[PDB]
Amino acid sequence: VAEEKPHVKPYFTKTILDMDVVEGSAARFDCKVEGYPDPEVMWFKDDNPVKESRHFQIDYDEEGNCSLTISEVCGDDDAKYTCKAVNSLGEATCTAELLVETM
């Protein structure tokens, strides 16, 4: 006797918000994704894919908690960020901006 999750396209329960940050400091974008089969997630920086690095920390829970941490924000980090969640049935996206503050 066995129940399986329902089929549903991806959706954000929480989306990434616009943030301002001081040069040198660190910034984190937070979202939370729902959907099944569990979506795949990709981050973009200005139309460009984001590859995980020392500057770009990305994590993605079993709970759907998805995140992007920028370690010491530079000028080059000023941009519009995107999270695309996709699965068999669809796509969901959210976008936000990073304004690298200069003192």
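Start at 1 with the first residue shown and count on from there.
Higher average CA B factor: 31-39, of the stretches 57-65 and 31-39. Between the stretches 69-77 and 47-55, it is 47-55 that shows the larger average CA temperature factor. Based on the entry's C-alpha B-factors, the most elevated value among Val86, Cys83, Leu17, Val21 belongs to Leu17.
The entry lists a Cα temperature factor for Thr93 that places it in the lowest third of the chain's modelled residues. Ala2 sits in the highest third of its chain by CA B factor, as recorded in the PDB entry. Sort the modelled residues of the chain by CA B factor and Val8 lands in the middle third.
The PDB entry assigns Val100 a C-alpha temperature factor belonging to the lowest third of its chain's modelled residues.
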